Every structure is written in structure tokens, then in C-alpha cells.
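A.B. asks: Which chain is which? The protein sequence lines are A, B, C, D, E, F and G, in order. Counted the way UniProt numbering counts, the first sequence spans residues 71 to 249. Counted the way UniProt numbering counts, the second sequence spans residues 3 to 504. Counted the way UniProt numbering counts, the third sequence spans residues 4 to 73. Counted the way UniProt numbering counts, the fourth sequence spans residues 168 to 220. Counted the way UniProt numbering counts, the fifth sequence spans residues 124 to 182. Counted the way UniProt numbering counts, the sixth sequence spans residues 17 to 494. Counted the way UniProt numbering counts, the seventh sequence spans residues 17 to 496. The beta carbon of each residue, even a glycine, is placed where N, CA and C say it ideally should be.
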Amino acid sequence: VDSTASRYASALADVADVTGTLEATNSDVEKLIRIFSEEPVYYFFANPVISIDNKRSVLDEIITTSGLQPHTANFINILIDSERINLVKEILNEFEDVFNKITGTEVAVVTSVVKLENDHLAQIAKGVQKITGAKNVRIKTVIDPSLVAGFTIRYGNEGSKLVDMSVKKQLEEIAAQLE
Amino acid sequence: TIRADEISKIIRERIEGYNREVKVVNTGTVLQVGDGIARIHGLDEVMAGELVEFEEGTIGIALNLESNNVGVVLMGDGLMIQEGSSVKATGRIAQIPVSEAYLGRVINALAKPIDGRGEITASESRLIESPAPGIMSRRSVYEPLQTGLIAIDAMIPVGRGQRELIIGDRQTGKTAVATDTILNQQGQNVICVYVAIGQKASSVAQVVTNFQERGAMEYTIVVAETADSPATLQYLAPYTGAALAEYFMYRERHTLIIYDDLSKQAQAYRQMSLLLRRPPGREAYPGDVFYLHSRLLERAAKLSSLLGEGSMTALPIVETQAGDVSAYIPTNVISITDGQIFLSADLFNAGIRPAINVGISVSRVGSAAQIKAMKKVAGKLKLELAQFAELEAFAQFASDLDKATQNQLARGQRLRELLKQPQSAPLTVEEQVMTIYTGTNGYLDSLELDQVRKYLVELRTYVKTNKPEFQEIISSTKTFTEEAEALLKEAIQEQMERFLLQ
Amino acid sequence: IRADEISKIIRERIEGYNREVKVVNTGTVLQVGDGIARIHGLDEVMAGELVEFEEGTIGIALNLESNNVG
Amino acid sequence: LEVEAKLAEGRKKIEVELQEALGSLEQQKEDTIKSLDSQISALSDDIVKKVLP
Amino acid sequence: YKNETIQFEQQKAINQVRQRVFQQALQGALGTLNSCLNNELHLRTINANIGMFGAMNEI
Amino acid sequence: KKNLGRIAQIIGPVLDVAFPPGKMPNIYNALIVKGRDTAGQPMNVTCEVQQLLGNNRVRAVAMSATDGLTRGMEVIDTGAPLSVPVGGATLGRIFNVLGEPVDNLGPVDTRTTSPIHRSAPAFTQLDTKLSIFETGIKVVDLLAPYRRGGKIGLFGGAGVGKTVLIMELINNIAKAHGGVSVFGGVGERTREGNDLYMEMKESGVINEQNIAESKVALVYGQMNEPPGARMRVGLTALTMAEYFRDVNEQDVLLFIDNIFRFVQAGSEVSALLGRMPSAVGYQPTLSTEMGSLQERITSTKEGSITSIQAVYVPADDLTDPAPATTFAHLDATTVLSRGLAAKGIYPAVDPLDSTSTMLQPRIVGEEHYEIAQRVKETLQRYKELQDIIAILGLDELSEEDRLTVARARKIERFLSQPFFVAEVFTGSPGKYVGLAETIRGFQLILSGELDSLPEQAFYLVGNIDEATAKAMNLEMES
Amino acid sequence: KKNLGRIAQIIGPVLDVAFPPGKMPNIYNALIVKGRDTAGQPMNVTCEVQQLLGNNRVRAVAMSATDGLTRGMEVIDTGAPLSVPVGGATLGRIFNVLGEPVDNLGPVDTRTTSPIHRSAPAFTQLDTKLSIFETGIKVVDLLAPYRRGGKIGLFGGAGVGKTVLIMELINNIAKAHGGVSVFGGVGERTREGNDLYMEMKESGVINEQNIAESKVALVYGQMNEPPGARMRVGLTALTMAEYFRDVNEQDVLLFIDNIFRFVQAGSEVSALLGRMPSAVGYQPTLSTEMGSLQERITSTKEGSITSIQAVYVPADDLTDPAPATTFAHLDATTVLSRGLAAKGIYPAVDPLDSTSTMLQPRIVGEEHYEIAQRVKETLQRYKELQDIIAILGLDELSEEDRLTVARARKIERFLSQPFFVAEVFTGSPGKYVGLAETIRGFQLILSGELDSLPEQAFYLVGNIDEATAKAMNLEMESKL
Ligand SMILES: Nc1ncnc2c1ncn2[C@@H]1O[C@H](COP(=O)(O)OP(=O)(O)OP(=O)(O)O)[C@@H](O)[C@H]1O
Ligand SMILES: Nc1ncnc2c1ncn2[C@@H]1O[C@H](COP(=O)(O)OP(=O)(O)O)[C@@H](O)[C@H]1O
Ligand SMILES: Nc1ncnc2c1ncn2[C@@H]1O[C@H](COP(=O)(O)OP(=O)(O)O)[C@@H](O)[C@H]1O
Ligand SMILES: [Mg+2]
Ligand SMILES: [Mg+2]
Ligand SMILES: [Mg+2]
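(1) On the DSSP bridge list, what partners appear for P146 (chain B)?
(2) According to DSSP, simplified to helix, strand and coil, what is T257 (chain B)?
(3) First and last residue of the alpha helix (DSSP H) that includes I222 (chain F)?
(4) Using beta carbons (cut-off 8 Å, strictly below), is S216 (chain A) in contact with chain C?
(5) For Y249 (chain B), I'd like the list of residues in its chain whose CB is within less than 7 Å of its CB, leaving aside the five on either flank, ordered along the chain.
(6) Taking C-beta pairs closer than 7 Å, name the residues in chain B that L85 (chain G) reaches, listed in chain order.
(7) Have a look at G:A55, G:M40 and G:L98 and flag the residue whose alpha-carbon is nearest the alpha-carbon of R73 (chain G).
(8) Grab me the residues of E47 (chain B)'s own chain with a C-beta within less than 7 Å of its C-beta, minus the 5 sequence neighbours each way, in chain order.
(9) Is there a Cβ of chain C sitting closer than 8 Å to that of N144 (chain A), yes or no?
(10) For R224 (chain A), which three-state DSSP category applies?
(11) Mapping DSSP to helix, strand and coil, what is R163 (chain F)?
(12) Cβ closer than 8 Å: which chain D residues qualify as neighbours of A6 (chain B)?
(13) Which residues, in order along the stretch 115-137 of chain G, keep a beta-carbon less than 8 Å from a beta-carbon of chain B?
(14) Under 7 Å: does the beta carbon of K176 (chain B) sit that close to some heavy atom of ligand 4?
(15) Under three-state DSSP, which class holds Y448 (chain F)?
(16) In chain order, what residues of the same chain have a beta carbon less than 6 Å from the beta carbon of residue 550 (chain B), not counting five sequence neighbours either side?
(17) State buried or exposed for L246 (chain B), treating a residue as buried only when at least 16 other CB atoms are found within 10 Å of its CB.
(18) Which residues of chain C have a Cβ atom closer than 8 Å to the Cβ of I148 (chain A), listed in chain order?
(19) Quick one: which chain B residues come within Cβ less than 9 Å of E284 (chain G)?
(20) Verify the contact flag: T350 (chain F), CB atom, against every heavy atom of ligand 5, threshold strictly below 7 Å.
(21) Measure the C-alpha to C-alpha separation of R14 (chain C) and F35 (chain G) and round it to an integer number of angstroms.
(22) Just curious, the alpha helix (DSSP H) that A233 (chain G) is in, first and last residue?
(23) Of the residues that make up the stretch 40-70 of chain G, which ones have a beta carbon closer than 8 Å to any beta carbon in chain C?
(24) I'd like the span of the alpha helix (DSSP H) that includes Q434 (chain B), first residue to last.
(25) I'd like the ranges of any beta strand (DSSP E) spanning at least 3 consecutive residues and lying wholly in the stretch 100-151 of chain B.
(26) Do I189 (chain F) and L270 (chain F) come within 8 Å of each other at the CB atom, strictly closer than that value?
(27) Using the DSSP secondary-structure output, state which residues sit across from residue 513 (chain G) in a beta bridge.
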């Protein structure tokens, strides 16, 4: 994807990569996402009517308490100057996808009714890695009542590529007979 | 109708022999659905044209593969689809289950029967967008494809592997000409497909009923996408018909496919691309509207003797608005095809039926598509008629015109009276040869124009009955030999004398 | 969604945010196509001023826009 | 006329034959649906043993 | 053509019966699974599923 | 426990309604905006989900006036498409788009209601019986004979007489018909609707007492209605007509004035929706919108819909997208001309541009067919002659051409007919002309037995006998 | 080929291919996509880098079908524009857009290639000699005579005979010409692509027994091809004709048919490329894309290229931008009229609307020029009188006016000619007519010596003598 929100996030990651603050910058970006969740805080930055000069002063105070990275404080200042603070939320979310690309980590998300031990995951995370082509795999877990007793892992560029077996066997059987 | 006692065996059968193979399948998320089109997030493994299946159970086509999302064009209406649901990438790119058993069945745009006569037995499969035969793969058109319309088969001949367009106004007689052609291939051993794009459901039913009464449904497939159906289906209806025709074509069979109209296809493709926000062109048609037809109509070919010498004659039909051939879609389809047949309402109201405007009708194959006996007789007929009109229009501007012109206005008005035919009164090629031989050689220069229609009918019956040898020469040798000519002359004189007595 | 956000440019911007600078001397091609180049930079060019790229092509800055100069 | 009218009556007779045959088939289908219940029950059990491993 | 109607009919009815019947069987299966050994059989199936997944990955 | 949404946007009659993220209303479901005014509290604003926009937000087209809606009001998904009462209760009543009675009588029974968005009859259920159908009009019964149970189109610009001709068709056909008729007024003068309503009462179609035996329903989305309401009036009218055919198994007449308005309302809403405009200003899904409404009208084996629908033709231009798209659907078109209304030939049915499917010798017999061609061959010849006559005039023509011109002129006048509805204009009483009388009259004119009569003996008479009687008076008077 | 980029978008034929940030292909390089077919076998679909888009992605128009292509596949940049094999081994082969041989014969030798994009010859080079060449067509030789080494255009709408005329011209000139010919069909029927190739075999130009003794090279970008392909067979067929011009130094025929398809193909993908639409829906670069294509096809001191090229004219409208742009380039335009087609006069070359630069008395001599000029004045008068005669009849004319009308009518028929190619259309065997026969024939009609003849003695006859013979036969038939 290449949209304005994605474009900005990619720049932010590239500067971190150059300066070797990828771990350090990522923590700050995660820290920002908590900040901009709040309807009141986001609204203040986003709306055109509040004066830009006031926004910087408030932003500076926010940065100090937060203790953000020197570029990360710039990056928000750049967004504010160039009017794209209305799409901060899209930009922050976009950065996580870019950050995995730079490392070579890949997310997978694996779904069960029942919580599973690391050993099963270790096989899956190794399994997604070879199948992925990954340098590294980072695993995301979710709990679902609806399937049966299996699970489905999703991976790829997006969460596009899903390979599952739990409910799906029942569905396949239902289809199979009608043939 | 006893079902319940075998269900305990039947239910077990379904579970029996089930592989349950697990393979990686592409999946994505629905962002938007509105009016025939979904915008799919994800699916970074789909290919341009791949069928993608929605959660409810709808098959859509991934046309736009944008960098953020995927433009999916639903084959149906996605009332059920819900924002956030998951859609699968099937892997196939719009195949058709195609076999021998489609004959005599009205079928859907997706090729599932809609006459309610049972599921079709289809072993093979073919793509919808298969590439056309190559340049080295074809051969020249030589075989006749008879319409039974004396105005077509004498002056605008249609040959196997050809593409003749039938263009006219609304209610000008275009469908009747096409339908007549399919009805006329009763024992010529060709397969016919009638694709009905965007046509009224009642109208399509009427055509099917007419075919059935004639017995023409023993070799005809009717593919129908009615007006009510989603634009996608209308857009893909012609392709499905071609795929069916192509299957027979590669089995060395000869096929004829009528697409009724192609104009309602490109409206259905204008609708698809305008809702995908593709940038339009003239009359909001997409840029690639010419390409949509051209790739379809170039499927119609006569294959070489290496590839079985099968053929596929396409018969587009594109109706023009109040004689406006300058419109954007009729401009595109004329230049693709191998000659057009203009039908005109001005000749249709003036009795001249089928209303072939022969002046603007063209056959780009020419007299290679005629049998030799007919080619000899009507070879220069096409030009003479055009030349004759030029001075019919000009001798209304003279008062005292000489006899040498008055002979040509005599003969030329007789030649027009050959060409008129009652609907669904097809002529054998024998009956066309002796009709054109009579008019060209001045044997109608005696009698009145009103009498000419009557005289020819009497004459044809005469030679069916009294002289079956003329049938034998033209049907076997396919050449208007001196013996055949002599028989025709004898018969003409006898008939003329009988007519004089009456 | 708009030109001049090529993510070289944004990063260059972040690095120099606490700064003052005038890029007026040189400007870097953003996109070339169909006989038109879009150039990021060139803050001091005037409309109609000939500008010459690397490899010697000469162009006229007909369109001056905040994001870039056509 | 007379042949034509006769043919029309023959067509009506054919429709009566065809109308009646469809009705008979429908009745037969209903009986079958009522009939062979064991297939249904056992048929149901059918999939079960093969649907899963 | 009327006979062809019956041919199709014999098919639709057949399919319906097959399905409905299957559907029930499905119901029963679900019920039994809901009662089949939670940690014992559940665990076994999980392991199997896992094994299957592993196999798939290898291929 | 229906999910509640909030209005996010109001752009004219188009609402963007935000919902909880799991639960979105399906496309074509109705919404009920809870509504508020100064005095009272109406839930009257009803919507129809057209799109799903993502970020848990549908887009819906409101069926009423959106004035007075606030961003943030409560919206309830009703979970089904916009259902309308149908049946016995809808006889004799005037209805909205929304199925809500207008006529200031008691509320209808909502026992038997039906959704307006239904798929058509499938291809199996259709019928192919080809029957002709008499209207008492000479231009229609001869040159473009109407289909029993198929769509009929009346084409023409403003003020050429579509409404009058429909009124004549309604007047002749409805009382005689044994099947419930359903009128649908889409984008028309409200005065006409009121005028039409009175005529039914006067002729007994809508009897004032014992209204359940009325055998006409009436459905009105008029010119004053917002454009979301004019889209669906056609569907609402259609739904009621379809129910009668399907459940009461009857034969139905579905008169619509004007289906061009239905397309035009759809076009107006499309711009609000943001869909790119395909041609002129028309909505891209023009064929489909038109097709969906039209497809449902077909007659099946259980009943029959005989729809006579007037279609406006803008700026007298039959190549406009709205008129052009409609032509494919109709079984018989009746293209009214303006040039014939300037001369005063009424009904101004252009006899060469009007075509019917039933004008075929196995449908109409060999006698009707051999005349209707020979009438159209004369007029067609006359039409060709007009370019020459316009400059030189009559005198130049040959004797054959002159004879045809004299015959053509007589023939054009004979087609003109006084109407029962048109007594309030001209005062001359209308004449019902049976098909047999019409065929006979035309044969005489073509034959020439009536070549000595003047031309104005033919103008505005019913039979050929009337022309002869009229002819004598012109000659006698002196 | 060391640069790998991943496809980012497929919208129709236009791909967007994201590359590593330093290394991006230049404009007009060929990308070649490592795509896979329905078999899974790797398949390569070539692309052209049309424009650099910023954010390190190009925008390329694929030369083959984009159906089956996936976002994210590897795209290797070949580092150069499309190199097409040229020379001796291209003669009598039939070729793709990409230069791949398409006639199921063993692979073309690719030791010599050439890029399809190059600059036109400089102003110094151009060869100024004015030379006329004989075609055998009566309308062409008399009224719009063709220039050896000059751009020739066949203008007409659909179905008027651009193709048949081209075939006739090809047959005469192609066999006679010493120099290699090149036919490049940009966006035409594959039936006509086949009907040429088997008729080039029959005349002996392909020489299927001994290939590379052939004298023609066929390049085909037919209607089934994507719009990326039909934009570029104009350049592929031209690259091959430039090699026989520049390197081998021999004069070439270049029959292009159709030139409009090339213009049209660009328009189809132009919208996809993001360019705003120009007047009538074409691309804004129409007059440049013609110029780029047209400038290259010019004779030079080293060699001479004669190109006869058919031009579709949409809805018979000579004001259309595609047709209008072309007129400036041609040395002689031959505008086919649908009015003469529907009258039956074939070739339906409109004698008043067809011009030529060579019809000047220093070039063609004062005998030819006066008769070519007096023929047009007779036809011009007749055209003016057509409105009047229909309305007022023939009898309102003067004797002088009537005489021209009788003569114009006879002259109009005489221009018609039966072709060798149109024996299936005319039914009568074709005739070749010299320049001398035409001048001699036209002079007599103008003189009035042939005023007594009927008009139908002139329709579809080759020589003047044939017309007189036909008149005798007609009189004999009339007596009986
Ligand atoms: N040769 C003929 N003789 C007499 N009538 C004919 C002939 N051909 C067609 N017709 C009549 O013309 C009428 C209209 O013809 P048809 O529907 O076949 O044309 P169309 O162009 O397909 O019209 P539409 O635009 O409605 O599809 C038909 O009722 C048909 O009977
Ligand atoms: N049959 C008719 N006889 C006489 N006048 C007519 C007839 N039909 C229409 N008119 C004239 O046309 C006028 C308007 O016609 P109308 O039906 O209102 O057109 P529209 O249907 O476009 O609204 C009427 O006022 C009437 O004067
Ligand atoms: N010289 C000719 N003699 C007879 N017919 C011709 C001639 N030229 C053209 N035609 C007619 O025109 C038809 C189409 O012309 P064509 O050569 O295909 O031109 P275009 O490429 O413009 O359509 C031919 O198939 C033939 O019917
Ligand atoms: Mg039709
Ligand atoms: Mg009105
Ligand atoms: Mg051509």
C-alpha cells in the first residue's frame, strides 16, 4: 500500500533505521498510540480551528512528560506543520507494519478456543518462518469460541494468507456430499 | 420418489471417500460493498481476473488490484455481504464446465441451466478468456454458411469462420435475421449458440420457444443473461457463449454464435467500470471498450487443417440509434468485424423485408464464401445493384430518358424483386441459384413487378417437382454446369408459358 | 495522496526540523513522465526560468506549486 | 382449416397428456419423499462416519 | 420435455434428502462432541490437528 | 433488540449512518431515523441502505424530507427491506412510497405485507402465450397492437398527450377488465393524481361505499416528493401488482406515469451518492436500475401483469439514455410525436415510429397484417416525398406519387380519433372503435372507394361510416 | 537484469512496479515480469516503463495480457528498450511486437538487434529528390500520384476499401520493387493477417521453399493484443524497415495498416496512465506520438523508405483528431469516400478530396497536369450541380452544364477499376493500367469523342479500349 498515512510512517522508520534506534523509536511510537487514543487529546491536535502556535506549546509539554525520542518528537512536529495531523492514527498504525518489514519479523496470528502452550507455537512460529521466508516470527494469539478444537494461523504481507483446520473440515464435508 | 430408506446409505456415501486436503488458501477483508462491487482489503496473492468467493457465497472477479485494496466485481448482488467478513481467493480464473450435453439447454451466464431440466454432465473445463487463434493457426474462409436469405447469400455472403455484424435500429428486424440463420442450419451439421445479453426475460423465452417448435433446439445452446441480472453477468455472457462455441470448434465441429446485442454488453461493461472509478472515455465508456469486443470477436475463426479445420462464425448484432452509425459503440464493432449487414427502418416500412440496406452492407470475405454455382451466377450481382441504385435515383431527375437507361431501370427493378422474402421461408441454395439466374438473364423483363414475386415462387416449385436433376447437380457438384443451366432454361420457359396461360 | 511526500523528503525534514534553511539553489526530480518532470525543491525559481537537469536536458518551470515545481 | 383445427385439438390433447403426466410424477415424488425414510435416517448417519477422520 | 422435468425433479428431491439427512447427522455429531472427552479427546484431536498442520508445513 | 445507529452525515436526502462494528444493516434494508420536530416527535424519516462505506458506516437514501434531522440521531435497523401492505386491503386506497395510506381513511391491515425488493420470476415460470388485446384506439389496434400481459410504452415529450392517452387506455381497459388494476404515479402532477382519483369514484372503480370491492389500487410519488421517494414508488406499486398476480392469481393492469421520472429520481440520488455519472447526468447503473424494475413485471403461469407505462422523452430526443434504455424492455412502443400534435392530429401517435411485437401474421391473422403493412407502406412512401414537396410543393409530383400523397393524407387523418377523456377539451364525444371496424375502414381508404371524399371528412371520426356521414355534411353545407 | 522490483498494482494493462530506491529503470526500458501461467510454469510478460512515478515505482504498460499477474511478483529490468531482431533473418518471418517469430519456424537469429525507440534522422540527412512511381490505379496515377520515398496515406472509414487498396498496391509494387518490403499490421483483423501471409506465399514473396530469399517481413499486432502491444508494432515494423534503409542501403516499402490503431491504442491506456483526456477522448500527446512515429519513417541519403499506410477515419469524420494529425505528415493523401463506395465506384477514392504534392507540372509534365486538373474541374462542377439538379431536374441546365454533367458522370465511372485482389468482390478479372493508358483514356472523355457511348461502358473497365469494347457489347445486347 502507498497512501499518505503509509508514506509518512515509512519515513519515520527509515530515519530510525539509519540511526539504530529501531527498538528505541518503536517504543516511543507505541507510547504515542496510547496518547492519541483519547477522543479529547486527538481532537485538540486534529481540528483546524485551534491555533497552531498553541498546539506546539502543548505538544512540547506532552513530549517532555512522555520522554519521546529526538526524531519522534520532530516527526510529530513535522506532521503538525504540514497539516497531516488529521491522519495521525492511520500513520501510527501503518508504522508497525513497516517496522516488521525492516527487521524481517513477521506477525502471525493464531486462533483457538483453548489457550495453547509455547511448544505448539514454537513449531508454528518456526513453521510460518520457513513458509514465510522470515528472518524472525512474532506470534499473535486470540481466543475464539466459534471454531471447534483446531485453529487458523494468518500471515503474509497483510493478514491475507490463512491456513486453518477446525470448523473448515465440517464445512468441507458439507460441500463434499452435495457434489 | 422413495428417498428416506436410502438416505442412511446416501448420507454415509457423502462422508465416504472424502479427502479433506489442506492447502494454503489466500484470504482477505471486505472494506466496502456497494451496488455490485466490493473493495477488498488483503489478498496480496490474487491475480488479475481471479474469482474470489465471499463468505455468504458469491463469486466475484478481482479486476482492480490496487495497492491498498482490490476492486472486486460481484457476479450477482451482494445484499448479504457484510463489511468485515472474509473472502477467499479461489485460484481459478473464471472457468466454464463445458461438454457435449449443453445442446438444447438454455443456460445461465455462469453456465448453470435455467430451464429447470436437470444438471448438466460436464467433464472438461475451459477458460472464459482464452486467447484467440493465431495468425498461422487459421486458414482462409471458403465454406458457405447459408442463411436462406437471398439478399444475404447472394450479395453479402457469410462464410464459416467469419464475423458478420447485423446492425440496425430497434425493431428493424435484426433478431429475426439472426434467428433465421440458426433455424436454417437444421441439417448443415453446425452447432449454434444464442447469447442473449441484457435482453428481456420474456423475449429470451420467446426465442427459445420458437427454436423448440422448429426442432432447432437439438443443436442450439441458448445462453441468457436477462436485464434483471447483475452487470457482471451481462458483461461475461458473451464470453461464456464463446467458450462453449470454442469447445465445439476445437473438436472439428462448426459453430455459429449469435450475440444479441453486443451493445448491451458494453453498457454492462460501462456500468462495471464507472462503479470501479475507472476513468471514462467517450460517452462514459471505458478506454478499453474496443478491446472488450475485439478480443471476443477475434475468437471467431476458421482453424487450419492442422488444428482440425473446425470453425466458428460469430454474428454480432449491434443496434444503432436512429440510424446513427457514428455513435461510439457501433463505430467500434463495425471496424472489428468482417463486414456488416445494415438493416434500416426506412426500407423495413416500405415492404422490403428483410430490410437489408445492400448499399452499405459489406462482406469482407466476398464471393469466397459462396459455392461455385452461386458465385458464377451472383458474382457481379452485388456491384450491379449498387450501380443500378445510382441511376434509379438519377432518372427521377430526367424527364425523357432513353431506352438504354430504361432497360436498366427495367432490369434493376426486377433484381430487387428477387431479393424479398417472407419471414421464416428459407431458401435452399438450389432455390437461390435458379432465382438469381432468372433475374440476371432478363427472364423477368417481360412480366409485371407484382407478378414477379408470384412467378418465381411458381417456378421454384416447378423445379422441385418436375426436374430433380437440377437439385442433384447443384447439391453434389456445387457448380452451375451447362447441363444444370440447360435444365434451368427449359424449366424457365415451361413455367413462363404456364404463367402466361394463367 | 499528494506529491512531495516521498519519504526521502519527510525524513530529510525530520532531521532538519530544528533548523532554518532555504533550498532555493537546487531542487530533486520527483517524477518524470510524458515530457514533464515534477521537481521537489527550487524555492527561489521564477515562472519561466530555464532549469537544467543532470545529463543536460533543459526545462522551463511553468508550474510552481507549493508541493513541487512542474 | 379442418386439418389445422384437428391439429390444434391434437395439441390440446398432448397438453392434457403432458399436464396429467407431470401431476402423476409429482404425486409419485411426494410418495417417495414419504417413502425410503430409512435411507434418510441411516442416510443421515451416512455422512457422520465418513465426514471426519 | 415433461419427462425431463421429472428427471430433474428426481434429482432435486434426492439432493434435498441427502442434505437434510446429512444436516441431522451433523447435529448429532455436534451433540456428541459437546459431550466427548473435554480434556482427553479434545486434547487428542488438538494434537492430531497440530500434527496435520506440521505435516502440511513440511510438504 | 435491533441495533441502533447514529447519523454521521446528511447530504440532502442521503444519510451516512454509523453503526456498531459487528452489526451492519444489509443493503436494501430500511432504516427508521427516530426523528424530531418542534411540535411532537415523528419517526417518519425512513431510509434505504444503498452502500456499505467501511468504518462501520452505511449510506442510506431517505424516503421523505430530511429537513430537521440532526447529526447524531438514533437510527434503528428494521432488519428487512421496506415492506408494504399488499392484498385485499390495498384495493381502493391511495398509498405512499412507504405503504402508508394517504386518502384520510382508516389504517390498512398490516396482516399481509411484502418486501419491495424481490428477485424476478425465474425463467421456468414465464409463459409464452402470445395474445392480442384491444384498446379501442385506431393507431394502437392497427399499427402497433398491444400485448396481453406484456410491457407497453407510450413515448413522447412534454405536452404531446401521454397522460391523456393513458387516461383513455385506463378508461377503456379497466372497467371491462376482470383483473385488478394498479396505478402507479411516479413523478407526476399531483393535480392529475387527484383528478384520476375522482374518475375512479365516478366510474365506480373506487366505489365510495364498500371500498373493499374496488378493484383499483393507487400509489403516488409525485413531483413534490423528494428524489429518494420517487425511486421507490414504482417498486411499491409494482410490489402490490405482483402480489395480486402471485397470490390472488389474477390478471393485473399496472399503469405507471411516468417511468422516466423513476429513472430521473434515481439519477438525482446517484449524484448525491457520489457515483460517477455515465452519460449526460445519468447514473452509471441505469440499465440495471431500469432492468430490475422492469423484469419483475413479466407474466407467469399463475397470473399476468399487463403494464401500460408512459415514458417521458426529454427534448423530444429518443436517443437520450433514459428513453433508449427503456425500449429493450417493452413489447410494444407507442411513440407519440410533437409534429402531429402541432397539426392537431390526436392521439399524436407517430405511426411509423411505433412498433409492436404482435404485428405478425400468425398473431393478428393475415387480414390485419396485410393492411397494417399496406398502411405503413403508404405513409412511409409519403414521408420520403415530403422533402421534395416541402420546396417545390405538390404540383411536381408524378401521378403515382400524387395518388399516394392524397391517400396518405387521408390515412393520417383517419388515424386521428376523439377520446372519451378528451370531451372536456373539445366537446366532441369520443368514439370507441372496435378492431374489426378499424380494419375495415383502412381497407376502404387504401382501396380508393373513398377517393372522392375530402380530407376533413376523415378528421376526428370513429368509424369509416362516421367519415362518410361527415363527408356528406361538408358537401351538403354550402 | 540485476534490478528486481515487485509489482504493486495491476489496473488493466498498466502496471506499477516498485523498485529499490537508487536504481530505477529509465523511461521506455522493457520490464520483464517473472509471472506464471495456468500450468505454474514461469511465463514472461514484457512491460514498457512509460513514466517514473515517484516513491520509487515506475508505471509500465504491459505488452502481453496482464490476466494472471499478481501483486508482488519479481520484475527484472532488462536495462534497455525493446530490442527487436533486424536484418536478413527477419525476412519472410512473421513477427510479434517483441520480435519473437510467430510462424512456427525455427528461432530468428538474434545476433543483430535494434531498439525500437530512436531519434528521427537529422535535418541534414533528408533526401530531397522528387520522384513519382507508377501504381496501376487510375485514380491514383492520374489525380494523386504517389511519391517514391514519401509518406502515402489511405484515409477512409470502415468498409470503404483501405485494405483492398493496400492489397492491390502491395501486389503490384511489392513484386516489382527491388528493395525489401515490410508490412506492419497495427491492430487489424487476424483474418486479414492470414489472408496476406498465404497470398504472399502464392505470389512468391515469402518463398516458403527457400526462406531468407524472401522480400518481405511481416509484423503483426492484431486486435486481440493488449493496448500495450498495439502501441508498439508501429515501432517494431519500423525498426526493421530502418535497418534495411540505414544499414543495407536499399529502398524499402513500409506498408502500415492501420496507423489509427497505433494512435488509438495509446488512447486506451492513456486514461490509465493518469494523463488528463484531450479533445475527443484521445491522449494529449497525440501530435507527439504521431510525430515520433512519423518522423522516423523518412528517406535518407543512405536509403529511401516509401511508406503507404492505411488510416481509419472514425465515422467518416476527417476532423477527428487521429485523422487530422496524420494529414500534415503525408506527401500524398488518398481519401476514400463512402459515397463512391455505395454508388459502387471502386476504389472509392474521392478525386476532389485526394491531393498530392507531386501533382505539379515540373514533376509530372504539363500534359498529365492539365488533364488531371481538367478532370477535377469537371467533377467539381458536377458536385456543385448535384443539389440543383435533384430539385430542378436535369432540364433546367444549360447545354454547357448538361455536357459537363454527362462528362462528369462518365468520368466518375471511368476512374473505377477492377483489381486483381477484388476478383472475389467484383467478379470480373482485374486490370493493370499504366499512366499512359489513363492519360490517353481521360483525354478522350474530356475531348468529347466518346460522348455517344452509354455510361455503363465505363464502369469497371481497365483501359479506355476496354470501355469502348464494353460499349460495343452493350449495344449488341441491346439489339437482341
Ligand atoms: N423477413 C421478414 N419479413 C417480415 N417480417 C419480419 C422479417 N424480419 C423481421 N420481421 C419482423 O420485424 C419485427 C421486429 O423484428 P425483430 O424483433 O426480429 O428485430 P429487432 O431489431 O431484433 O428488434 P428489437 O430491437 O426489438 O430486438 C418482428 O416482429 C418480425 O416479425
Ligand atoms: N386525445 C386528445 N384530444 C385532444 N387534445 C389532446 C389529446 N391528447 C392531448 N391533448 C392536448 O394535450 C394537452 C396535454 O397533454 P398531456 O396528456 O397533458 O401531455 P403529458 O402527458 O405530456 O402531460 C392536453 O391539455 C390536451 O389539450
Ligand atoms: N476494389 C474493390 N472492388 C470491389 N469491392 C471492394 C473494393 N475495395 C473494397 N471493396 C469492398 O469493400 C469491402 C471492405 O473494404 P476493405 O478493403 O475491407 O476496407 P477497410 O479496411 O476500410 O474496411 C471489401 O470487402 C469489398 O467488399
Ligand atoms: Mg431483437
Ligand atoms: Mg403528462
Ligand atoms: Mg483494414
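C.D. replies: Quick look at the numbers:
(1) Answer is B:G161, bridged to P146 (chain B).
(2) In the three-state reduction of the DSSP assignment, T257 (chain B) falls in the strand class.
(3) Run containing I222 (chain F): none; DSSP gives neither H nor E here.
(4) Cβ-Cβ to chain C under 8 Å: no for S216 (chain A).
(5) Closer than 7 Å at the Cβ level, and outside the excluded window around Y249 (chain B), lie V100 and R128.
(6) For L85 (chain G), the chain B residues whose Cβ falls inside 7 Å of its Cβ are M49 and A50, in order along the chain.
(7) Check the Cα spacing between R73 (chain G) and each of G:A55, G:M40 and G:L98: the tightest is with G:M40.
(8) The residues are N28 and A91.
(9) Closer than 8 Å to some Cβ of chain C, the Cβ of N144 (chain A) qualifies, so yes.
(10) In the structure shown, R224 (chain A) adopts extended strand secondary structure according to DSSP, grouped into three states.
(11) Note: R163 (chain F) maps to strand in three-state DSSP.
(12) Chain D residues near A6 (chain B): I200, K201, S202, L203, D204, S205, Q206, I207, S208 and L210.
(13) Under the 8 Å Cβ criterion, the stretch 115-137 of chain G contributes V118, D119 and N120.
(14) Yes, Cβ of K176 (chain B) sits closer than 7 Å to a heavy atom of ligand 4.
(15) Coil, per DSSP.
(16) Given a span of 3 to 504 for chain B in the structure shown, any question on residue 550 (chain B) remains unanswerable.
(17) Only buried fits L246 (chain B), as 16 or more other CB atoms lie within 10 angstroms of its CB.
(18) The contact set of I148 (chain A) on chain C, defined by CB atoms closer than 8 Å, consists of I13, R16, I17 and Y20 in chain order.
(19) Correct list: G283, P288, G289, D290, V291, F292 and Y293.
(20) Not so, every heavy atom of ligand 5 lies at least 7 Å from the Cβ.
(21) The alpha-carbon separation between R14 (chain C) and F35 (chain G) amounts to approximately 19 Å.
(22) Premise fails: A233 (chain G) lies in the beta strand (DSSP E), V232 to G237, not in any alpha helix (DSSP H).
(23) Closer than 8 Å at the C-beta level to chain C, one finds these residues of the stretch 40-70 of chain G: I43, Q66, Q67, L68, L69 and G70.
(24) Here the alpha helix (DSSP H) through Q434 (chain B) covers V431 to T442.
(25) DSSP runs (the beta strand (DSSP E)) wholly in the stretch 100-151 of chain B: 126-129.
(26) Contact: no.
(27) Here chain G comprises residues numbered 17 to 496, so residue 513 (chain G) is not present and cannot be evaluated.
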